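Protein chains in written order, with the UniProt record's numbering: chain A, 2 to 117; chain B, 31 to 84; chain C, 2 to 123; chain D, 2 to 87; chain E, 66 to 229; chain F, 95 to 142; chain G, 128 to 196.
All C-beta atoms, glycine included, are put in the ideal place defined by N, C-alpha and C.
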Amino acid sequence: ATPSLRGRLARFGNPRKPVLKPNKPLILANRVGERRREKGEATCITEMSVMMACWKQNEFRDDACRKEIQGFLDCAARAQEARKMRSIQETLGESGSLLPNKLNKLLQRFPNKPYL
Amino acid sequence: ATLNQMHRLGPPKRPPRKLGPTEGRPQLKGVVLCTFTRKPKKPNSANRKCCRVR
Amino acid sequence: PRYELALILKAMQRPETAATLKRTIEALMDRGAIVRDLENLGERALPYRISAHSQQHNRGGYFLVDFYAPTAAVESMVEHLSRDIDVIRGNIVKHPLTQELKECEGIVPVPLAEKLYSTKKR
Amino acid sequence: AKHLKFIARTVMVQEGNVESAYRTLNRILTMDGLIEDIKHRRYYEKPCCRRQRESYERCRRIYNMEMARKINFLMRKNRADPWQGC
Amino acid sequence: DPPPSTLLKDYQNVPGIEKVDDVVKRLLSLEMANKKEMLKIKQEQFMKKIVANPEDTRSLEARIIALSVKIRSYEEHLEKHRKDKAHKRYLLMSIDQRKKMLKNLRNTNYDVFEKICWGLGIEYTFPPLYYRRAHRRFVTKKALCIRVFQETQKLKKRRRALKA
Amino acid sequence: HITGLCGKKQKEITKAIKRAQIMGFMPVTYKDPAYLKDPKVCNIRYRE
Amino acid sequence: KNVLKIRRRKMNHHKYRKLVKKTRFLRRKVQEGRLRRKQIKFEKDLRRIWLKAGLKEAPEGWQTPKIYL
RNA sequence: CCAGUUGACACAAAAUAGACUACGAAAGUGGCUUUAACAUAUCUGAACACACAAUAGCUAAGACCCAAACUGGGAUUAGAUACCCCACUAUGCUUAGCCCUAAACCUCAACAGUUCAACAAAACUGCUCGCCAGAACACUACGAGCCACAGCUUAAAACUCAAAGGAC
RNA sequence: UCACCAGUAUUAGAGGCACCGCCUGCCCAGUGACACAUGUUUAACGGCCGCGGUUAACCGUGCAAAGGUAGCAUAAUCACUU
Ligand SMILES: [Mg+2]
Ligand SMILES: [Mg+2]
Ligand SMILES: [Mg+2]
Ligand SMILES: [Mg+2]
Ligand SMILES: [Mg+2]
Ligand SMILES: [Mg+2]
Ligand SMILES: [Mg+2]
Ligand SMILES: [Mg+2]
Ligand SMILES: [Mg+2]
Ligand SMILES: [Mg+2]
Ligand SMILES: [Mg+2]
Ligand SMILES: [Mg+2]
Ligand SMILES: [Zn+2]
């Protein structure tokens, strides 16, 4: 629920203290916050670990650790496919938040009127 | 301000002024002692003369 | 004024608890009070393994000894309680029913911002 | 120390899906209000900086609540061309 | 300074406690009362002793008595824990208000003012004119001036007595 | 915001909670297990 | 606004601090001399008062101690 | 004698409520209990006065988890006496004394009442205490006063200026 | 258990300086004392630098412990010195 906010700004009638000192005016802007994207995460951790364990048990031959290297390559291909799917969905469907353009146009249809 | 403060302080005052020659002397009679030279400030540039008069 | 003793004891048998209650009541009466009521929540489990000079126990009661002690005696009674060994702890708070409740009627409709910025086209 | 050992913050797990229990514990900690507390306790927060942080947090929270209310109120208009007159 | 056995003010009007269980009579006593009850009892006693119109709480006499009782309470408080300087400021402001009220009463009535002064006991001392804030230098200067005045007075007396 | 109490009522409730925590009538770092039979009073966001 | 007045004030304060640090013993000597001159002036004023206050030779039994230790 | 469970376990403060405007003349003050209580049912009224007053620094009284200026080193640039790290002296503290500063700024004075130069908190009506009407010099010298001796309150004078300054 | 002692770390013994005020800045290469797991101690013995430059800062530097910090000044302070 919207909390109180009367006795928080430094105003004429207000005889209290300014517990809330906003650095900018509280005016609902016609834009919305942008959704973050991209992050150096480097996926494929479980397959990397199992491949490292296999290579430690054996040496470096591809015919020995085939059971693990095949899964590692499959997981790498799946990660590439997931990256491509995310890049595609960035323009089709956004997960979590909605397209900022929708709210931008909605506010453009009925913008703010603070200056009367 | 209020009238009480203006009454306690009072109207302003007209202080005097004084140039170099005290007692009001627009035309003085000095004696020359030196005839050195001096240059102006940064913008202006010259080598005008400057005498040490008493 | 009225007061209430939040006596918190352990599961230290019946006669020992009775003797401690008698001692506390005698002290309260000597301080100039009048016994109002005597209640207790039974020697049940404690909210956490607490020490009481100086063993750990997990089973203790919450005896309530109401009284009408004077004004300048609460700190002395708290110090006396802290001095006791069998008593775990307990802050003597005034009677709760004595505080006349201020008749409130739910939340009121808080209005929106009542003018906070100038009127300029900017 | 003087409190019971294994009772609280005991998010059980099952079905070999620790990610679900991990997210549940994360949500619990976030709703309780201690992750940010520990993150700020990583170093000493000056009283001036602490008050500034609290003020900024309150302001951002009020703004976010107002924006959420406005969105919940104005999400109705999302058709396309109902009139087509112009 | 009422005795520690008298009943309260609001409880004395009703006769329900005058003839009731001894526990209630013992609980509703000054010994078991609070500071506000003692203050009210003292105010009532002073009003009945000095003020000829009791239960006023509007004129200047009742207000002056209340201010004096408040100043006494502030003094009793500042007795222990003197570091509380906010209470000292409140005490100074209350003393100033009491002085103003006494001045107003004296300007309005002189006989009643003298009666109140004799009753309460607060002497009416004139306030110091100027607050030049004397210092060590000025103090010793004034002392030397007084000494020189006495010496020159004695010298003039001797000179006058010289003529036989 | 989630509980939905008034100023005075919430203040009294939290004061009583703190008094019980200090004196020793309620666990501080957890909830009393001997009194769990409580209907859904608050909107427990966690656990849905 | 810009912090120019206050920055210049702080610079002047730092210059004064450097001045006091580089030289302070001569300042203390000048202060001692000023205190001595003030004491001498006070004694002369007391003597003038004694002379112009009718009687002379200064009242007996009085002492004029020196202030400032 | 370091990292992880448990057992006798900090003279500093309380997290979610802190998504509350609460109390004070100001700084300021929120885990609980208490000894007392916040003048004015006419207002303003002293920086010739009375009460004081964030932190800052000092003399003793013990040291603390942590940090602790200057310090020792490590990689560092021609140079680091700083930006990363480890420990510490006075110190962040109370038990006894102080000095009397602030971006003490919400830089919007108190009392009763009404519907704009620009940033900001739109204008004011009647009354009252204090201050100013150029900048560096000038949180200064000289005076005066102070338990303060490299300190603090008011506080200038000659010279230079064509200026200093706030908003967009 | 003859004093130091019929005393006990705020108590005694061996030393440097000179009450009170501002201060006691740097250095264990060398000697001494600490086995302090290789380091401490300079209020211990002792020491706090040179060459060329627009009457000097700052440059190029060599060596170690620092290279005289504050302060006072023709000194009871090597002729210069009257
Ligand atoms: Mg105080
Ligand atoms: Mg700005
Ligand atoms: Mg403390
Ligand atoms: Mg102040
Ligand atoms: Mg530490
Ligand atoms: Mg340093
Ligand atoms: Mg320390
Ligand atoms: Mg402030
Ligand atoms: Mg006034
Ligand atoms: Mg003023
Ligand atoms: Mg030395
Ligand atoms: Mg010589
Ligand atoms: Zn409530």
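- Under the 7 Å criterion on CB atoms, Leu117(A) is classed as interfacial with respect to chain C.
- Chain G places no beta carbon closer than 7 Å to that of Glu96(E), leaving this residue out of the contacts.
- For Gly60(B), the three-state secondary structure derived from DSSP is coil.
- For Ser52(C), there is no enclosing alpha helix (DSSP H); the enclosing beta strand (DSSP E) covers residues 45-52.
- Where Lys69(B) is concerned, there is no enclosing beta strand (DSSP E), because DSSP gives it neither an H nor an E.
- Uninterrupted alpha helix (DSSP H) stretches at least 4 residues long and entirely within the segment 3-72 of chain C occur at 15-31, given in chain order.
- At a cut-off of 6 Å, the beta-carbon of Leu102(C) does not count as near ligand 13: no heavy atom of the ligand is closer than that.
- Counting other Cβ atoms within 10 Å of its Cβ, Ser133(E) reaches 16 or more and is therefore classed as buried.
- Taking C-beta atoms under 8 Å as the contact rule, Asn113(A) and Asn31(A) qualify, at a distance of about 7 Å.
- Scanning chain D for C-beta atoms nearer than 8 Å to the C-beta of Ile51(C) yields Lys3, reported in chain order.
- When only Cα atoms are considered, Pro48(D) and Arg62(D) end up about 21 Å apart.
- Taken from the Cβ of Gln109(A), every heavy atom of ligand 13 lies 6 Å or farther away.
- Counting only residues of its own chain and dropping the five nearest sequence neighbours on each side, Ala46(C) has a CB closer than 7 Å to the CB of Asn59, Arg60.
- For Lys79(B), the uninterrupted beta strand (DSSP E) run begins and ends at 79-83, by DSSP.
- Annotation for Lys95(C): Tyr4 place their beta carbon closer than 6 Å to its own, counting only its chain and skipping 5 residues before and after.
- Taking CB atoms only, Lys102(F) has a neighbour in chain C less than 7 Å away.
- Taking CB atoms only, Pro133(F) has no neighbour in chain C less than 7 Å away.
- Secondary structure of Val88(E) (DSSP, three-state): helix.
- Here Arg90(C) carries a strand assignment [DSSP, helix/strand/coil].
- Relative to ligand 1, the nearest heavy atom lies less than 6 Å away from the CB of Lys148(E).
- For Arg110(A), the residues of chain D that pass the 8 Å Cβ criterion are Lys78, in the order they occur in the chain.
- Bridge partners of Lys95(C) according to DSSP: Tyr4(C).
- For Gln57(C), the CB stays at least 6 Å from every heavy atom of ligand 13.
- In summary, the residues of the segment 97-131 of chain F whose CB is separated from some CB of chain D by less than 9 Å are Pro121, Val122, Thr123, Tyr124, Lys125, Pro127, in the order they occur in the chain.
- Within a 10 Å sphere around the beta-carbon of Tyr139(E) sit 16 or more other beta-carbons, which makes this residue buried.
- Counting along the chain, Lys145(E) sits inside no alpha helix (DSSP H), nor does DSSP assign it H or E at all.
- At least one CB atom of chain E sits nearer than 7 Å to the CB of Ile35(C).
- Taking the Cβ atoms as the reference, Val213(E) lies roughly 7 Å from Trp177(G), within the contact range of under 8 Å.
- Close partners of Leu173(G) in chain E (Cβ separation under 9 Å): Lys206, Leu209.
- The Cβ atoms of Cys45(A) and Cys55(A) lie no closer than 7 Å to each other.
- When only Cα atoms are considered, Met138(G) and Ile108(C) end up about 57 Å apart.
- Between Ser21(D) and chain A, the shortest Cβ-Cβ separation is not below 7 Å.
- With respect to the 7 Å criterion, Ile82(E) and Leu93(E) are classified as neighbours on the basis of their beta carbons.
- Think of a sphere of 9 Å around the beta carbon of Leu10(A): the chain C residues whose beta carbon falls inside it are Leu117, in chain order.
- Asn59(C) is outside the set of residues whose beta carbon lies under 7 Å from a beta carbon in chain F.
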